[PDB]
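Undergrad: One file is attached below, entry.cif, containing mmCIF, C-alpha atoms and all ligand atoms.
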data_start
#
loop_
_atom_site.label_atom_id
_atom_site.label_comp_id
_atom_site.auth_asym_id
_atom_site.auth_seq_id
_atom_site.Cartn_x
_atom_site.Cartn_y
_atom_site.Cartn_z
CA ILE W 1 4.64 18.50 -31.68
CA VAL W 2 6.65 19.97 -34.53
CA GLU W 3 9.23 17.97 -36.41
CA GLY W 4 8.74 14.88 -34.29
CA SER W 5 7.91 11.36 -35.38
CA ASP W 6 5.10 8.87 -34.70
CA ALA W 7 5.45 7.24 -31.30
CA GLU W 8 5.99 3.50 -31.07
CA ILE W 9 3.29 1.41 -29.41
CA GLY W 10 3.59 1.57 -25.59
CA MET W 11 6.48 4.06 -25.88
CA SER W 12 4.82 6.55 -23.50
CA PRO W 13 2.39 4.55 -21.40
CA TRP W 14 1.97 7.31 -18.86
CA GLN W 15 0.68 9.58 -21.64
CA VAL W 16 -2.78 10.95 -20.87
CA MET W 17 -5.15 12.96 -23.01
CA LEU W 18 -7.29 15.64 -21.40
CA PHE W 19 -10.59 15.49 -23.21
CA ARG W 20 -13.51 17.87 -23.20
CA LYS W 21 -16.87 16.10 -22.92
CA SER W 22 -18.72 18.66 -25.10
CA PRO W 23 -17.86 19.55 -27.67
CA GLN W 24 -15.76 16.35 -27.62
CA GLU W 25 -12.24 17.62 -28.17
CA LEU W 26 -8.68 17.37 -27.07
CA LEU W 27 -7.81 19.98 -24.49
CA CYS W 28 -4.25 19.11 -23.42
CA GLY W 29 -1.77 16.38 -22.66
CA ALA W 30 -1.18 14.98 -19.16
CA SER W 31 0.63 12.15 -17.38
CA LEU W 32 -0.19 9.21 -15.14
CA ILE W 33 1.90 9.23 -11.91
CA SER W 34 -0.06 6.55 -9.95
CA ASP W 35 -3.22 4.51 -10.46
CA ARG W 36 -5.41 7.48 -9.42
CA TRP W 37 -3.38 10.65 -9.96
CA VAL W 38 -2.77 12.52 -13.19
CA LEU W 39 -0.41 15.47 -13.58
CA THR W 40 -0.96 18.34 -16.06
CA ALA W 41 -0.42 22.07 -16.59
CA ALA W 42 -2.59 24.34 -14.47
CA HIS W 43 -3.45 26.45 -17.57
CA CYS W 44 -5.13 23.47 -19.25
CA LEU W 45 -7.79 23.79 -16.55
CA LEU W 46 -7.71 27.46 -15.50
CA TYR W 47 -6.85 30.37 -17.73
CA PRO W 48 -9.02 33.53 -17.23
CA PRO W 49 -7.56 35.43 -20.21
CA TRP W 50 -9.38 32.95 -22.45
CA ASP W 51 -12.29 32.43 -20.03
CA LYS W 52 -11.08 28.93 -19.31
CA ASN W 53 -12.06 27.52 -15.91
CA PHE W 54 -13.06 23.86 -16.19
CA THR W 55 -14.84 21.90 -13.46
CA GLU W 56 -14.43 18.14 -12.91
CA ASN W 57 -17.59 17.17 -14.73
CA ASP W 58 -16.60 19.09 -17.84
CA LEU W 59 -13.72 16.69 -18.41
CA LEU W 60 -12.52 13.22 -19.10
CA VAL W 61 -9.10 11.69 -19.14
CA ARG W 62 -8.20 9.06 -21.74
CA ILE W 63 -5.32 6.77 -20.83
CA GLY W 64 -3.20 4.34 -22.91
CA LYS W 65 -3.99 6.00 -26.27
CA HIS W 66 -1.99 6.15 -29.47
CA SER W 67 -4.39 7.40 -32.14
CA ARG W 68 -5.49 11.03 -31.65
CA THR W 69 -9.12 10.68 -32.81
CA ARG W 70 -10.08 6.95 -32.92
CA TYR W 71 -11.77 5.28 -29.92
CA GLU W 72 -9.21 2.61 -29.03
CA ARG W 73 -11.46 -0.24 -27.91
CA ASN W 74 -9.85 -2.78 -25.55
CA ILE W 75 -6.74 -0.55 -25.26
CA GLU W 76 -7.51 2.91 -23.90
CA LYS W 77 -9.27 3.50 -20.58
CA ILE W 78 -11.45 6.59 -20.12
CA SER W 79 -11.73 8.01 -16.57
CA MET W 80 -13.84 10.60 -14.81
CA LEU W 81 -12.40 13.11 -12.43
CA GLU W 82 -12.99 13.09 -8.75
CA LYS W 83 -11.24 16.38 -7.99
CA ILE W 84 -8.96 18.99 -9.54
CA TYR W 85 -6.12 20.61 -7.59
CA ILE W 86 -4.31 23.68 -8.90
CA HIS W 87 -1.04 25.04 -7.47
CA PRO W 88 -2.15 27.80 -4.94
CA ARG W 89 0.52 30.09 -6.49
CA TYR W 90 -0.09 29.31 -10.11
CA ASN W 91 0.50 32.68 -11.87
CA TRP W 92 -1.98 32.86 -14.76
CA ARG W 93 -1.89 36.66 -14.72
CA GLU W 94 1.70 37.15 -15.88
CA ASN W 95 4.00 34.29 -16.92
CA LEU W 96 2.36 30.94 -16.04
CA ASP W 97 4.74 30.52 -13.11
CA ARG W 98 4.12 27.23 -11.25
CA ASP W 99 1.99 25.92 -14.17
CA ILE W 100 0.99 22.63 -12.55
CA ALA W 101 -2.13 20.82 -11.43
CA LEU W 102 -3.19 17.42 -10.25
CA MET W 103 -6.29 15.50 -11.14
CA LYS W 104 -7.55 12.66 -8.83
CA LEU W 105 -9.53 9.93 -10.68
CA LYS W 106 -12.94 8.67 -9.59
CA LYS W 107 -11.62 5.04 -9.79
CA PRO W 108 -8.09 3.66 -10.10
CA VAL W 109 -7.11 2.88 -13.66
CA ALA W 110 -5.86 -0.62 -14.38
CA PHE W 111 -2.27 -0.82 -15.61
CA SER W 112 -1.61 -2.71 -18.83
CA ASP W 113 0.98 -2.90 -21.57
CA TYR W 114 -0.17 0.54 -22.72
CA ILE W 115 -0.89 2.14 -19.35
CA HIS W 116 1.80 2.58 -16.69
CA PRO W 117 3.02 5.39 -14.40
CA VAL W 118 6.12 7.53 -14.79
CA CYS W 119 8.37 8.32 -11.84
CA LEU W 120 8.75 11.78 -10.31
CA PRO W 121 12.37 12.91 -9.82
CA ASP W 122 14.06 13.08 -6.43
CA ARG W 123 16.53 15.92 -5.71
CA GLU W 124 19.60 13.97 -6.92
CA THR W 125 18.11 12.69 -10.18
CA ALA W 126 17.05 16.25 -11.02
CA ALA W 127 20.48 17.67 -10.18
CA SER W 128 22.29 15.04 -12.26
CA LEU W 129 20.01 15.16 -15.30
CA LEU W 130 18.62 18.69 -15.63
CA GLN W 131 21.70 20.09 -17.24
CA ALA W 132 22.20 22.13 -20.38
CA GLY W 133 22.83 19.73 -23.31
CA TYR W 134 21.04 16.74 -21.72
CA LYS W 135 18.08 15.64 -23.82
CA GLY W 136 14.57 14.90 -22.68
CA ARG W 137 11.59 13.59 -24.61
CA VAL W 138 8.32 15.38 -25.26
CA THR W 139 5.15 13.65 -26.47
CA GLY W 140 1.69 14.94 -27.47
CA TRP W 141 -1.13 15.07 -30.00
CA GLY W 142 -0.70 18.85 -30.43
CA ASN W 143 -0.37 20.69 -33.76
CA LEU W 144 2.33 19.59 -36.21
CA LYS W 145 3.31 23.13 -37.19
CA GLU W 146 2.75 26.74 -36.54
CA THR W 147 0.53 27.78 -39.41
CA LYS W 154 0.12 18.94 -41.79
CA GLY W 155 -2.28 20.35 -39.18
CA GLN W 156 -2.84 17.69 -36.54
CA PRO W 157 -1.29 14.19 -36.23
CA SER W 158 -3.02 10.83 -36.70
CA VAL W 159 -1.17 9.31 -33.71
CA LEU W 160 0.93 10.34 -30.68
CA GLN W 161 4.07 12.31 -31.66
CA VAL W 162 7.50 12.24 -30.02
CA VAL W 163 10.58 14.43 -30.13
CA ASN W 164 13.85 14.47 -28.20
CA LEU W 165 15.18 17.92 -27.25
CA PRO W 166 18.17 19.26 -25.33
CA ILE W 167 17.71 21.36 -22.17
CA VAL W 168 19.02 24.87 -22.82
CA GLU W 169 21.32 27.07 -20.69
CA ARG W 170 19.27 29.35 -18.47
CA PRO W 171 20.80 32.61 -19.78
CA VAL W 172 19.96 31.51 -23.37
CA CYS W 173 16.35 30.75 -22.30
CA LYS W 174 16.12 34.22 -20.66
CA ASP W 175 17.59 36.01 -23.67
CA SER W 176 15.21 34.34 -26.10
CA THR W 177 12.04 35.91 -24.65
CA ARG W 178 10.43 38.98 -23.11
CA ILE W 179 8.49 36.81 -20.61
CA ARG W 180 9.88 36.82 -17.03
CA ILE W 181 11.40 33.38 -16.54
CA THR W 182 11.48 31.83 -13.04
CA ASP W 183 13.38 28.97 -11.44
CA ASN W 184 10.10 27.00 -11.72
CA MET W 185 10.68 26.79 -15.48
CA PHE W 186 13.32 25.51 -17.87
CA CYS W 187 13.49 25.71 -21.62
CA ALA W 188 14.53 23.09 -24.21
CA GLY W 189 15.19 22.85 -27.91
CA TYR W 190 17.90 23.18 -30.49
CA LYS W 191 19.64 26.38 -31.45
CA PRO W 192 19.63 27.78 -35.00
CA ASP W 193 23.27 26.67 -35.49
CA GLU W 194 22.70 23.06 -34.41
CA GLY W 195 20.69 22.09 -37.56
CA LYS W 196 18.27 19.64 -35.83
CA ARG W 197 14.76 21.07 -35.05
CA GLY W 198 11.65 20.29 -33.01
CA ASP W 199 9.33 21.72 -30.43
CA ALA W 200 6.04 21.29 -28.66
CA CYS W 201 3.03 23.17 -30.02
CA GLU W 202 -0.56 24.12 -29.33
CA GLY W 203 -2.39 21.17 -27.76
CA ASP W 204 0.78 19.61 -26.30
CA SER W 205 0.51 21.63 -23.08
CA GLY W 206 0.20 19.56 -19.90
CA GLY W 207 2.10 16.63 -21.44
CA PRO W 208 5.39 15.40 -20.03
CA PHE W 209 9.01 16.14 -20.71
CA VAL W 210 10.70 12.88 -19.60
CA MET W 211 14.24 11.62 -19.21
CA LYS W 212 15.62 8.12 -18.82
CA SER W 213 18.00 7.86 -15.89
CA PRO W 214 21.23 6.12 -16.89
CA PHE W 215 21.71 5.16 -13.17
CA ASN W 216 18.58 2.98 -12.68
CA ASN W 217 17.18 2.93 -16.28
CA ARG W 218 13.78 4.37 -15.31
CA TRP W 219 11.84 7.18 -16.95
CA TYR W 220 11.33 10.33 -14.90
CA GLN W 221 9.11 13.30 -15.62
CA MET W 222 11.27 16.38 -15.29
CA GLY W 223 8.94 18.91 -16.95
CA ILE W 224 5.42 19.71 -18.10
CA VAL W 225 4.77 21.42 -21.48
CA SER W 226 3.84 24.96 -20.43
CA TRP W 227 4.37 27.71 -23.06
CA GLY W 228 6.30 29.05 -26.03
CA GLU W 229 6.36 31.73 -28.66
CA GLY W 230 5.20 30.16 -31.86
CA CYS W 231 6.39 26.63 -32.46
CA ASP W 232 9.79 25.52 -33.62
CA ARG W 233 10.83 29.08 -34.49
CA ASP W 234 14.54 29.78 -34.81
CA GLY W 235 15.93 31.45 -31.70
CA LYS W 236 12.82 30.49 -29.59
CA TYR W 237 12.65 27.56 -27.10
CA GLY W 238 9.70 25.75 -25.51
CA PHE W 239 9.24 26.28 -21.75
CA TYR W 240 8.36 23.58 -19.29
CA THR W 241 7.21 23.47 -15.73
CA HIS W 242 10.05 22.34 -13.45
CA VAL W 243 8.42 19.34 -11.77
CA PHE W 244 11.07 18.65 -9.13
CA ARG W 245 10.97 22.24 -7.86
CA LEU W 246 7.20 21.86 -7.22
CA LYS W 247 7.23 18.31 -5.87
CA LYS W 248 6.69 19.36 -2.28
CA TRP W 249 3.27 20.67 -3.30
CA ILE W 250 2.58 17.51 -5.37
CA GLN W 251 3.43 15.29 -2.40
CA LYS W 252 1.37 17.44 -0.03
CA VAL W 253 -1.75 17.09 -2.18
CA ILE W 254 -1.33 13.35 -2.64
CA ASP W 255 -0.48 12.87 1.11
CA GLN W 256 -3.42 15.01 2.30
CA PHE W 257 -5.86 13.78 -0.34
CA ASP K 3 -13.03 14.88 -35.80
CA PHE K 4 -13.12 12.57 -32.84
CA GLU K 5 -14.79 9.19 -33.12
CA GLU K 6 -17.63 8.81 -30.65
CA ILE K 7 -16.81 7.57 -27.23
CA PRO K 8 -19.13 5.16 -25.42
CA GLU K 9 -21.86 7.50 -24.17
CA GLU K 10 -21.72 5.65 -20.93
CA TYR K 11 -18.55 7.53 -20.21
CA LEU K 12 -20.77 10.53 -20.74
CA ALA L 7 7.43 1.73 -7.43
CA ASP L 8 7.43 -0.05 -10.66
CA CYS L 9 7.23 3.51 -11.98
CA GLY L 10 9.00 4.45 -15.17
CA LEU L 11 9.52 0.89 -16.44
CA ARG L 12 7.62 0.30 -19.67
CA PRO L 13 5.82 -3.06 -20.09
CA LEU L 14 6.79 -3.09 -23.80
CA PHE L 15 10.32 -1.85 -23.47
CA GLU L 16 12.36 -1.95 -20.20
CA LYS L 17 10.25 -4.82 -18.77
CA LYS L 18 11.18 -6.96 -21.83
CA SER L 19 14.64 -5.51 -22.33
CA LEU L 20 13.64 -3.93 -25.61
CA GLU L 21 14.91 -0.47 -26.59
CA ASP L 22 12.85 2.13 -28.39
CA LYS L 23 14.33 3.60 -31.58
CA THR L 24 15.57 6.81 -30.12
CA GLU L 25 16.18 6.36 -26.39
CA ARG L 26 19.89 5.93 -27.17
CA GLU L 27 20.00 9.58 -28.27
CA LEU L 28 19.14 10.58 -24.73
CA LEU L 29 21.73 8.31 -23.15
CA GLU L 30 24.38 9.70 -25.54
CA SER L 31 23.66 13.21 -24.28
CA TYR L 32 24.12 12.35 -20.59
CA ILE L 33 27.80 12.99 -19.87
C1 LIG S 301 6.26 25.61 -27.42
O1 LIG S 301 4.88 26.06 -27.50
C2 LIG S 301 4.11 25.29 -26.61
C3 LIG S 301 2.68 25.83 -26.58
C4 LIG S 301 1.81 25.01 -25.59
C5 LIG S 301 0.46 25.67 -25.32
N1 LIG S 301 0.69 26.72 -24.27
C6 LIG S 301 0.21 27.93 -24.52
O2 LIG S 301 -0.37 28.33 -25.54
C7 LIG S 301 0.38 28.95 -23.44
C8 LIG S 301 -0.94 28.96 -22.47
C9 LIG S 301 -1.47 30.60 -22.42
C10 LIG S 301 -0.81 31.45 -23.68
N2 LIG S 301 0.40 30.47 -23.91
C11 LIG S 301 1.47 30.70 -24.59
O3 LIG S 301 2.39 29.85 -24.82
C12 LIG S 301 1.78 32.12 -25.09
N3 LIG S 301 2.22 32.12 -26.49
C13 LIG S 301 1.55 33.01 -27.31
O4 LIG S 301 0.14 32.81 -27.06
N4 LIG S 301 2.02 33.01 -28.69
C14 LIG S 301 3.36 33.70 -28.89
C15 LIG S 301 3.24 35.23 -29.11
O5 LIG S 301 2.34 35.35 -30.21
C16 LIG S 301 0.87 34.88 -30.04
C17 LIG S 301 0.86 33.39 -29.64
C18 LIG S 301 3.01 32.66 -24.31
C19 LIG S 301 3.52 33.95 -25.00
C20 LIG S 301 4.93 34.13 -25.00
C21 LIG S 301 5.49 35.37 -25.58
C22 LIG S 301 4.56 36.33 -26.10
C23 LIG S 301 3.15 36.15 -26.07
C24 LIG S 301 2.58 34.92 -25.50
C25 LIG S 301 2.73 33.12 -22.85
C26 LIG S 301 3.62 32.69 -21.80
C27 LIG S 301 3.29 32.92 -20.43
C28 LIG S 301 2.04 33.59 -20.16
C29 LIG S 301 1.18 34.06 -21.17
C30 LIG S 301 1.48 33.85 -22.58
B1 LIG S 301 -0.69 24.75 -24.84
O6 LIG S 301 -1.74 25.15 -24.11
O7 LIG S 301 -1.00 23.55 -25.52
#
Mind turning the file's structure into C-alpha cells?

TA:
Amino acid sequence: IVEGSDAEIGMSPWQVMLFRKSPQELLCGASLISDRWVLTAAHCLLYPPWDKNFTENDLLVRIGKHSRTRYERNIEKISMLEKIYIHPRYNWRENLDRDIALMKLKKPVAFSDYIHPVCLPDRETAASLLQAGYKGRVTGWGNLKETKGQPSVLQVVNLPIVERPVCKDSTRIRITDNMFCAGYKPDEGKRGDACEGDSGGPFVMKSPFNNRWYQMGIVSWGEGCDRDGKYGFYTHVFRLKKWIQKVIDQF
Amino acid sequence: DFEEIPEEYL
Amino acid sequence: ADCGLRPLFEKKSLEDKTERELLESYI
C-alpha cells in the first residue's frame, strides 16, 4: 500500500497472507470468509504471462498476522490448502476480468481476537454502498511506493470508489462490470493506492445499517501505484457471488 | 527476509 | 454469521482510528 498507515492490532482480522513455501515469500493478500474458505485474486495463483500456476502444495496461508516478516508465535495460524478453485471465466489473457479464486483449507482455522471472517455483500448492501464517493478500506503488506520499499507491519488506507466513466477514461485496459476502481483524483489532495504484493487482499466497507464489515472488492490491478490520474482496480465481489456460493455449496 | 516458520508447517 | 464483527473493535464497542472517515462518506 502507498501512502497508508500502520494497521491497528486486530483491525483486519480477516486479513490473510498468501505465502510461498519455497523460496519462503509473500505472494499476495487474501481474506477469510469462513473457518475453511479463503478468498483471493485468481492471478495470485494463475498467471501464464509470468509462468505462474501454483498448485496447493506450493502454498501456505498465514492468518491473523500483523508483522510482514516475523513469525507471530501464539497469534498467527498457518494453514495448508486442501483445494484451489479459480473462476472458470477468469480472463488472464486480456484484462484480468473475473479475477477471483477460492482456497479451501485442509483444517478449519480457529477464530480468535486476531482471526475472524468478513461478510460477503448481498445485493442490497452492494447497491447502497458501491457508489462513487463512498470510501472503502484496503489493507496489505505490498510495496510502499512505486520505485521505503516494504512495510514492517500490515498497512491500511481508505479510498473513495470512483465514477465508472472516470475509471474507464483513466486507462487503456478494457474495464468490465466485474471491476470497479477507487482512489483520489489529482484535485482532491489526499493520496493512496494499493501496490505490488497487495493483490488478492480485500477492499472492505462498514455498513452503516448493521455496523458490519463487508468485502466489496479484491485488489486486482493498476498502472503504477498512486500515480496522479490513475486508479486501482478491484474485483467486484458481489457480481461474482453466485460462483462463490456455488463452489462453497458444491464443495 | 522472512523469519523461519516452524518446519512442521513445511 | 458473526461475520464482519471484530473481536477487538465492534465486539467491545471500540472504534478504530479511521472508520469514521468511511461513515462520513456514506450519504
Ligand atoms: C494498484 O496497483 C495494484 C497492483 C496489484 C498487483 N496486480 C498486478 O500487478 C496485476 C497482475 C498482472 C499484471 N498486473 C497489473 O496490474 C498490470 N500493471 C502493469 O504490470 N504495470 C503498469 C504498466 O506498466 C508496467 C507495470 C496491469 C497493466 C495496466 C495497464 C498497462 C499495463 C499493465 C494489467 C491489467 C490487466 C491485465 C494485465 C496487466 B498484484 O499482483 O499484487

Undergrad: So how far away is atom CA of residue W:81 from atom CA of residue L:13, in Å?

TA: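 Atom-to-atom, atom CA of residue L:13 to atom CA of residue W:81, that is 25.5 Å.
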
Undergrad: Find the residues near stretch 56-66 of chain W: any atom within 7 Å, counting only C-alpha atoms, skip ones fewer than 4 places away on the same chain, and give them as a list in words.

TA: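 Here the answer would be residues 13, 15, 16, 17, 18, 19, 20, 21, 72, 75, 76, 77, 78, 79, 80, 81, 82, 83, 84, 114, 115, 159 and 160 of chain W.
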
Undergrad: Keeping only C-alpha atoms, write the selected residues to a file as a PDB file, in the frame of the given file.

TA:
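Heads up, here's the output in result.pdb:
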ATOM      1  CA  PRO W  13       2.390   4.550 -21.400  1.00  0.00           C
ATOM      2  CA  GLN W  15       0.680   9.580 -21.640  1.00  0.00           C
ATOM      3  CA  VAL W  16      -2.780  10.950 -20.870  1.00  0.00           C
ATOM      4  CA  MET W  17      -5.150  12.960 -23.010  1.00  0.00           C
ATOM      5  CA  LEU W  18      -7.290  15.640 -21.400  1.00  0.00           C
ATOM      6  CA  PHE W  19     -10.590  15.490 -23.210  1.00  0.00           C
ATOM      7  CA  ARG W  20     -13.510  17.870 -23.200  1.00  0.00           C
ATOM      8  CA  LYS W  21     -16.870  16.100 -22.920  1.00  0.00           C
ATOM      9  CA  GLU W  72      -9.210   2.610 -29.030  1.00  0.00           C
ATOM     10  CA  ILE W  75      -6.740  -0.550 -25.260  1.00  0.00           C
ATOM     11  CA  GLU W  76      -7.510   2.910 -23.900  1.00  0.00           C
ATOM     12  CA  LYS W  77      -9.270   3.500 -20.580  1.00  0.00           C
ATOM     13  CA  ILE W  78     -11.450   6.590 -20.120  1.00  0.00           C
ATOM     14  CA  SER W  79     -11.730   8.010 -16.570  1.00  0.00           C
ATOM     15  CA  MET W  80     -13.840  10.600 -14.810  1.00  0.00           C
ATOM     16  CA  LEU W  81     -12.400  13.110 -12.430  1.00  0.00           C
ATOM     17  CA  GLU W  82     -12.990  13.090  -8.750  1.00  0.00           C
ATOM     18  CA  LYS W  83     -11.240  16.380  -7.990  1.00  0.00           C
ATOM     19  CA  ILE W  84      -8.960  18.990  -9.540  1.00  0.00           C
ATOM     20  CA  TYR W 114      -0.170   0.540 -22.720  1.00  0.00           C
ATOM     21  CA  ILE W 115      -0.890   2.140 -19.350  1.00  0.00           C
ATOM     22  CA  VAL W 159      -1.170   9.310 -33.710  1.00  0.00           C
ATOM     23  CA  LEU W 160       0.930  10.340 -30.680  1.00  0.00           C
TER      24      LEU W 160
END

Undergrad: Using all atoms listed in the file, I'd like a table of the residues in chain W that come within 8 Å of ligand LIG 301 (chain S); for each, show the closest atom pair and its distance in Å rounded to one decimal, ordered by chain and ascending number, as a tab-separated table.

TA:
residue	atom	partner	partner_atom	distance
W:27	CA	S:LIG301	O7	7.8
W:28	CA	S:LIG301	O7	5.9
W:29	CA	S:LIG301	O7	7.8
W:43	CA	S:LIG301	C8	6.1
W:44	CA	S:LIG301	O6	6.2
W:47	CA	S:LIG301	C9	7.1
W:92	CA	S:LIG301	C28	6.8
W:93	CA	S:LIG301	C28	7.4
W:94	CA	S:LIG301	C28	5.6
W:95	CA	S:LIG301	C27	3.8
W:96	CA	S:LIG301	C27	4.9
W:97	CA	S:LIG301	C27	7.8
W:142	CA	S:LIG301	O7	6.8
W:177	CA	S:LIG301	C21	6.6
W:178	CA	S:LIG301	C21	6.6
W:179	CA	S:LIG301	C21	6.0
W:199	CA	S:LIG301	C1	5.8
W:200	CA	S:LIG301	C1	4.5
W:201	CA	S:LIG301	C2	4.2
W:202	CA	S:LIG301	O7	3.9
W:203	CA	S:LIG301	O7	3.6
W:204	CA	S:LIG301	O7	4.4
W:205	CA	S:LIG301	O7	3.5
W:206	CA	S:LIG301	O7	7.0
W:225	CA	S:LIG301	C4	6.2
W:226	CA	S:LIG301	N1	5.3
W:227	CA	S:LIG301	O3	3.4
W:228	CA	S:LIG301	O1	3.6
W:229	CA	S:LIG301	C14	3.6
W:230	CA	S:LIG301	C14	5.0
W:231	CA	S:LIG301	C1	5.1
W:232	CA	S:LIG301	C1	7.1
W:237	CA	S:LIG301	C1	6.7
W:238	CA	S:LIG301	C1	3.9
W:239	CA	S:LIG301	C1	6.4

Undergrad: What residues in chain W have any atom no more than 7 Å from chain L when counting all atoms listed in the file, and can you write them as a PyMOL selection string?

TA: chain W and resi 10+13+113+116-119+133-136+214+218-220

Undergrad: Write out as a ChimeraX atom specification every residue belonging to chain K that has an atom at most 8 Å from any atom of chain W, counting only C-alpha atoms.

TA: /K:3-7,11-12

Undergrad: Between atom CA of residue W:144 and atom CA of residue W:4, what is the distance, to one decimal in Å?

TA: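 If I compute the distance from atom CA of residue W:144 to atom CA of residue W:4, I get 8.2 Å.
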
Undergrad: My list of candidates is W:109, W:32, W:120, W:173. Which is closest to residue W:250 when distances are computed with all atoms listed in the file?

TA: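 Selected residue with least distance to residue W:250: W:120.
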
Undergrad: How far is it from atom CA of residue W:157 to atom CA of residue W:236, in Å with one decimal?

TA: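 Separation of atom CA of residue W:157 and atom CA of residue W:236: 22.6 Å.
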
Undergrad: For residue W:40, which residue among W:192, W:171, W:207, W:223 is the nearest when counting only C-alpha atoms?

TA: W:207
